[PDB]
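Take a look at this single chain, the form deposited without the ligand, given in structure tokens.
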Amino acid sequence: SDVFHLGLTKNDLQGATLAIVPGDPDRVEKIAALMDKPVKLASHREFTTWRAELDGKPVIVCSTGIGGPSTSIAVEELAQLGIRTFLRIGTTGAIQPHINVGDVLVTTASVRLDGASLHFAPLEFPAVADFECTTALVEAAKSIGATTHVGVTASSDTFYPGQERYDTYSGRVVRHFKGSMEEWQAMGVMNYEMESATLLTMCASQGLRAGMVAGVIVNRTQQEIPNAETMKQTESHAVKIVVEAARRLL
């Protein structure tokens, strides 16, 4: 391999310069299957990589795992291999009452509640998305009639205390995160997830283009028993949106 972790050579990419980067290794095949000539390249640790073709051009699909540290390894090693544009697709929990399950969120910039972003730029630097990527995601969402919200996301190194969850082993949250969800809500923040602060900071500070889209599967502000069906449909629409955005960025 030409890189330390992903198990890829530059020849494997066949000249690709764009990658779609989901979190779950199990979701990579689903995304690749929407495009032409899908081929599995490698599977090592949390990093599963396929290649496919979109309008005659090679594109990469590679999983990051959960969190900024493993995300930073995938993005760096793909950059070493020639990738210059990175599109993240995820699912997410909204923290605003006006945002519904089934909706799509496009992130303009993120609240940096992570550690890895600091290894690229000091805290004062914005975790901001690329303008061309954000534009392509909004236009792709419109092309299939999705209800879309555009704005700021909170990006946390934990699933539990950093998202103010109390249903845990200890049942408590450290002082600095107590009351934090209500503060982000007042400041207009749409949602929580765990990788965008790292992704957006490391790309914007190194001349790489990045964008971020997610489907809403749950809402933290109103109690409701989730419906597995609505949730599956919502992930499928987010995947088509990221693929269509990619088409506009080739």
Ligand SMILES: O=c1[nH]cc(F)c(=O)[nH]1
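Whichever C-alpha set is largest while still superposing within 1.5 Å between the two forms counts as the rigid core. Residue positions are given as counts along the sequence shown, with the first one as 1.
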Report, as yes or no, whether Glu229 is left without coordinates in at least one third of the other compared entries. yes
Got a sec? Mean C-alpha B-factor, which is higher, 67-75 or 142-150? 142-150
Highest mean C-alpha temperature factor of the two stretches 22-30 and 215-223, which is it? 215-223
Looking at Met35, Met181, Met187, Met202, which has the highest CA B-factor as recorded? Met35
Would you mind finding, among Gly102, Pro122, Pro161, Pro126, the residue with the largest C-alpha temperature factor in the entry? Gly102
Third of chain Cα B-factors occupied by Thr91: highest
Ranking every modelled residue in this chain by its Cα temperature factor as given in the entry, which third contains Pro97? highest
How does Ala197 rank on Cα B-factor within its chain, lowest, middle or highest third? lowest
Determine, from the deposited record, the chain-internal third of the Cα B-factor for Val39: lowest, middle or highest. highest
Compare the C-alpha B factor of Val59 with those of the other modelled residues in its chain, then answer lowest, middle or highest third. middle
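One more form of this protein exists, namely the form deposited with the ligand bound; it is left out here, but the text below deals with it.
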Is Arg165 a contact residue for the ligand in the deposited bound form, using a 4.5 Å heavy atom cut-off? yes
Is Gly93 one of the residues lying within 4.5 Å of the ligand in the deposited bound form, judged by heavy atom distances? yes
Examine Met194 and determine whether its closest non-hydrogen atom to the ligand in the deposited bound form is within 4.5 angstroms. yes
May I ask you to check whether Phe120 falls inside a 4.5 Å heavy atom distance of the ligand in the deposited bound form? no
Can all three of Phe159, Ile217 and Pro226 be found with a heavy atom no more than 4.5 Å from the ligand in the deposited bound form? yes
Go through 111-119, 97-105, 125-133, 84-92 and give me the stretch that gets within 4.5 Å of the ligand in the deposited bound form, heavy atoms only. 84-92
Tell me, with the core superposed, which single residue in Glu182, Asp26, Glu224, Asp55 has its C-alpha moved by at least 2 Å between this form and the one not shown. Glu224
